[PDB]
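Visitor: Any chance you could fold what I've pasted below:
(chains A and B, ligands or ions: 2)
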2 protein chains.
Amino acid sequence: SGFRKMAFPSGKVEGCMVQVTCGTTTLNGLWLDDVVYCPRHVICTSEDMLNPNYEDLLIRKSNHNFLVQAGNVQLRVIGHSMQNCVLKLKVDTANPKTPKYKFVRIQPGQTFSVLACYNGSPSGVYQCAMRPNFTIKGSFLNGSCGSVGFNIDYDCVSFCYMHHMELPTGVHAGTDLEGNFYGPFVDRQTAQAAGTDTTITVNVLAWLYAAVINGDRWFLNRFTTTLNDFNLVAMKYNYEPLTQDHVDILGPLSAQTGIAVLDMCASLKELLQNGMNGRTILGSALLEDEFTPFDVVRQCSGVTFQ
Amino acid sequence: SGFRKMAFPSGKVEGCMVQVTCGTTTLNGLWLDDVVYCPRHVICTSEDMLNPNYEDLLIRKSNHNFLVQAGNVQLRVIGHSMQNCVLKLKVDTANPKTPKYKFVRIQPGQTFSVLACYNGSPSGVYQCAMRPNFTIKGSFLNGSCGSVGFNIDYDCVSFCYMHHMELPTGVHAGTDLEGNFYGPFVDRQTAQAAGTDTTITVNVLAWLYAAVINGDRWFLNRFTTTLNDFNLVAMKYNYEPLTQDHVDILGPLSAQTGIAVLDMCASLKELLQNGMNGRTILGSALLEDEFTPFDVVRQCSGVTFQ
Ligand SMILES: *[C@H](O)[C@H](C[C@@H]1CCNC1=O)NC(=O)[C@@H]1[C@@H]2[C@H](CN1C(=O)C(c1ccc(Cl)cc1)c1ccc(Cl)cc1)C2(C)C
Ligand SMILES: *[C@H](O)[C@H](C[C@@H]1CCNC1=O)NC(=O)[C@@H]1[C@@H]2[C@H](CN1C(=O)C(c1ccc(Cl)cc1)c1ccc(Cl)cc1)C2(C)C
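Guide: Numbering: from 1, shown residues only, chains lettered A, B, ... in the order given. Ligands and ions are numbered 1, 2, ... in the order given. The protein structure is shown below:
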């Protein structure tokens, strides 16, 4: 037993991480086969980043301007192109550590692991959720751009995020690996704002089921509720609407615990209206919303990756 | 900016993890050079585990009884010995992925990363602290024994924990890599209990400094306090005494923020006496104690590992 915010083992991604320097900008790149992917704002100077014209900036660049460091071995860039907000640097060497992979774009409410990197060297790994407002609550300092987010399924790494910037509230914005931003953000150094967030209701319910599985039962009740009546309470407390597909997705957890989904909704209702009255759930005094039903099933049953 | 519970990149440890099966017990082993380390209770049957005599049990074993799986390659065991509560299985192949390493034993209050493993395959990575009562609040299911805890310093893996068992409160107990248990626990299937825990005061203060660095300031005050007067409050709320060495260790964070250590103690005092009044600190509604001053400095400055 026990329930922890758990990242995927990072080894497969560590072997892909490189350093990209151009001018006086250094960031991280992702090296897969013979391409290095990195944020396109590596081509920017300080006065470029205020409102850059990246097509103009890129045509003025040369292959030799891009210094790519794979550990202590320099990678010769032999071609370069832009795809949306990422650069694709063609190098003369295929990464022998290239895992099997996919470029996927995730939905708000879904989670992934971030391998935070500086100077092409991994620093730490942690779990993030894509917020409903398309930001992520990460831990990123200068130099972390090009760090990626990913999930692992069996032996296959699904890359879903590349880091680009921090917003004024201290949350983080970036792209999928096709270079398309999550949310209404641009890689331009100009006042942008996240936009109002909501709590991921289906995830809170999943975490309540994790708690029950692990012996925390004090918030359970005999009460039940209808889906419609629950959603009137959810809307008031700035929670996302719960759909019938959410109910269906929670089915396995409901069956394992023997607590009907709508019964757990009644419990969440009371927690929302009453608070926790000094008690905790899985070591938290807040309702936690960055575990998906999948995350709970993985951890509370024991899935691995090879 | 941002502050997350962050584990070390796990790649170096992933390359060491193997499957050890003996009889109908399967667990994980740690393969370094030509030795596989694993919990000695792998030699136990169901009626053995109730109160086993491990020396008797081991002399009845043969090298060929130990099936070691390194991925899809079988490792031939050529010798075996017991060291305290771990077994050392001598194999005919040195692990070519052996990182530089050390076997260290950590102190209560210190943190480490756990690579949770099943059937020799890594499942997830997360950060733990050694509680004052020598337990850890982990996430471990059947089959996870032999998973290790570690820190990484530059290129060197300091192994500090091997997982052995869960206690009746759902917390976890294990050994250092010399096979010596943390705390007053034995690898015997008989009623044991954790013993009363305390909150790691110096870590809470470190986390309060992390919060200030990241813009959370509402708990700050003009008040100050003496170390003695603080410790009278700490004792009441079941917090560990703060020592002058703790104050010294917090010096850098104090200097970065410009908040004297004893001033932050005055803030913690009010938080302990008043609670949080509906507010949060770094996304938590509880005072968090599993970040060390080192952890805060690493994350809020950007140290990597190669
Ligand atoms: C890439 O290494 C870097 C990572 C950020 C630094 C601090 N936290 C990060 O995640 N990204 C950037 O430097 C981007 C790129 C120029 C500016 N920028 C920023 O994140 C700064 C910034 C972003 C957005 C706006 Cl509208 C203004 C400035 C920034 C934000 C917050 C802090 Cl604390 C420092 C710097 C860019 C092309 C957007
Ligand atoms: C090793 O894979 C396994 C890991 C534990 C299973 C559940 N959580 C774990 O961390 N460890 C064990 O199976 C140990 C070894 C025999 C019994 N055991 C236990 O952890 C069970 C147990 C421990 C201690 C006592 Cl006093 C009685 C039983 C145990 C505890 C809790 C649960 Cl939920 C299941 C099983 C052993 C030699 C101690």
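
Visitor: Which residues are in contact with the residue sitting furthest away from the middle of chain A?
Guide: The outermost residue of chain A relative to its centre, with distances by Cα atoms, centre = their mean, is residue A:222 at 36.5 Å. Applying Cβ atoms under 8 Å, 6 or more residues apart in numbering or on different chains to residue A:222 gives no contacts. Where you see a C-beta, it was placed from the backbone N, CA and C, and this is true even at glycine.

Visitor: can you confirm it is in a helix?
Guide: No. Assigned with DSSP: H, G, I helix; E, B strand; the rest coil, residue A:222 falls outside any helix and is coil.

Visitor: Next, see if the longest strand along chain A gets close to ligand 1.
Guide: If you go by DSSP state E, chain A has its longest strand at strand A:156-166. Yes. Strand A:156-166 reaches ligand 1 (Cβ under 6 Å from any ligand atom) through A:165, A:166.

Visitor: what lines up beside that strand in the sheet?
Guide: Applying DSSP bridges to the sheet, strand A:156-166 is found paired with strand A:100-103 (parallel), strand A:148-153 (antiparallel), strand A:172-175 (antiparallel).

Visitor: got the contact list for residue A:69?
Guide: A:18, A:19, A:20, A:21, A:75, A:119, A:120.

Visitor: Quickly list what it is bridged to.
Guide: With DSSP bridges as the rule, residue A:69 is bridged to residue A:19, residue A:74.

Visitor: returning to what we had before: so which pair among the contacts of residue A:69 is furthest apart in space?
Guide: A:75 and A:119 (14.6 Å; Cβ to Cβ).

Visitor: And these two? Which one has more around it.
Guide: More crowded of residue A:75 and residue A:119, by other Cβ atoms under 10 Å in any protein chain shown: residue A:75, with 22 against 18.

Visitor: gap between the more buried one and ligand 1?
Guide: Using Cβ to the nearest ligand atom, to the nearest Å, residue A:75 is found at 20 Å from ligand 1.

Visitor: What separation is there between residue A:275 and residue A:22?
Guide: For residue A:275, the distance to residue A:22 (Cβ to Cβ, to the nearest Å) stands at 52 Å.

Visitor: and these two? which has more neighbours close in?
Guide: Each of residue A:275 and residue A:22 has its neighbours counted (other Cβ under 10 Å); residue A:22 has more, 22 against 14.

Visitor: contacting residues for that one?
Guide: Neighbours of residue A:22 in contact, by Cβ under 8 Å, 6+ apart: A:42, A:43, A:61, A:65, A:66, A:67.

Visitor: Tell me, how many residues neighbour the residue of chain A found nearest ligand 2?
Guide: Here chain A gets closest to ligand 2 at one residue, residue A:1, 5.1 Å apart by Cβ to the nearest ligand atom. Residues near residue A:1, counting by other Cβ under 10 Å, number 15.

Visitor: list the contacts for it?
Guide: Contact analysis of residue A:1 by Cβ under 8 Å, 6+ apart lists A:213, A:214, A:215, B:139, B:140, B:141, B:166, B:170.

Visitor: just residue A:188 next, same as before
Guide: Contact analysis of residue A:188 by Cβ under 8 Å, 6+ apart lists A:49, A:50, A:51, A:52.
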